[PDB]
Amino acid sequence: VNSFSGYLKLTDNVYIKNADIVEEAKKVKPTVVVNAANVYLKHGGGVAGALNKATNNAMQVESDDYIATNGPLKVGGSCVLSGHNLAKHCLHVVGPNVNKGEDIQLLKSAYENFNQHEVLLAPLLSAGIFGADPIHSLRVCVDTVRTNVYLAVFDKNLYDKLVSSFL
Ligand SMILES: Cc1cccc([C@@H](CC(=O)O)NC(=O)c2ncnc3[nH]ccc23)c1
């Protein structure tokens, strides 16, 4: 039993809810919140910009030190950093950005990072400003993640389409 409430169950291990991942994180305080990161951990917009703003820029400060030490992530890769006031940890995961020409096949690799964590609160990878089809992102999620994932979809119209079209 966990504290996530109001989700629609899609599969044994994948759940979905129309919610702002920021407000969901502040309420649940999950062990892991997933950020839709880029390779530079520049949290300027989208989910990343929203999560970072909610940390009063502490996420960005921590991320800049991480990059200065370690260099950029790989597309499809991840790193674990602090969750600040939102969660114990933040798993920064880089899905391919279609508006940069990156191989959509890397979306499966991106979701594989979730399997290193028993429970996660997460967005749909490569959706929104990353340019991929969110219906496709959801399919890859369900077919790749085996741990328990609670998906927050900010757009209500997108949420209803994802549910109604799910096979
Ligand atoms: C990868 C990527 C980039 C850009 C945009 C999105 C969309 C996709 C959608 O609508 O779910 N989601 C969000 O931006 C989002 N999701 C949950 N909680 C949130 N809080 C504030 C914003 C926000 C996704």
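Quick note: structure is the one above.
Read on for an overview of the structure.

About the thresholds
Residues numbered from 1 in each chain as written, not as in the entry; some residues may be left out. Heavy atoms only, no water. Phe/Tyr/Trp six-rings, centres within 6.5 Å; stacked < 30°, edge-to-face > 60°. Helix = DSSP H or I, 4+ residues; strand = E, 2+ residues; numbered from the N terminus. Axes fitted to C-alpha atoms, helices over the stretch in contact; angles between N-to-C directions. Parallel < 35°, antiparallel > 145°, perpendicular 65-115°, else oblique. Left-handed = near helix turned anticlockwise from the far one by under 90°. Contact = heavy atoms within 4.5 Å. Nonpolar A, V, L, I, M, F, W, Y, C, P; charged D, E, K, R; others polar.

So, the packing of aromatic side chains
Following the criterion strictly, the structure yields five aromatic pairs and no others. Their ring planes at 10° and their centres at 4.9 Å tell us that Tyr 15 and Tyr 150 sit as a pair that is stacked. Taken as a pair, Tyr 15 in strand β2 (residues 14-18) and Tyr 150 in strand β7 (residues 148-153) lie far apart in primary sequence, 135 residues in all. Among the aromatic residues, ring-to-ring pairing joins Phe 4, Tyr 7, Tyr 15 and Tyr 150 into one connected group.

Notes on the packing of helix α5 (residues 134-144) against helix α6 (residues 156-164)
The angle between the axes and the distance between the axes are what describe a pair of packed helices. Running from amino to carboxyl end, α5 crosses α6 at an angle of 55°, the nearest separation of the two axes being 10 Å. Taken as axis vectors, α5 and α6 run oblique relative to one another. The interaxial crossing formed by α5 with α6 has right-handed handedness. Counting all contacts with α5, which are made through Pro 134, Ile 135 and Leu 138, the residues of α6 involved are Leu 158, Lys 161 and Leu 162. Split by residue class, the contact of α5 with α6 holds five nonpolar, no polar and one charged.

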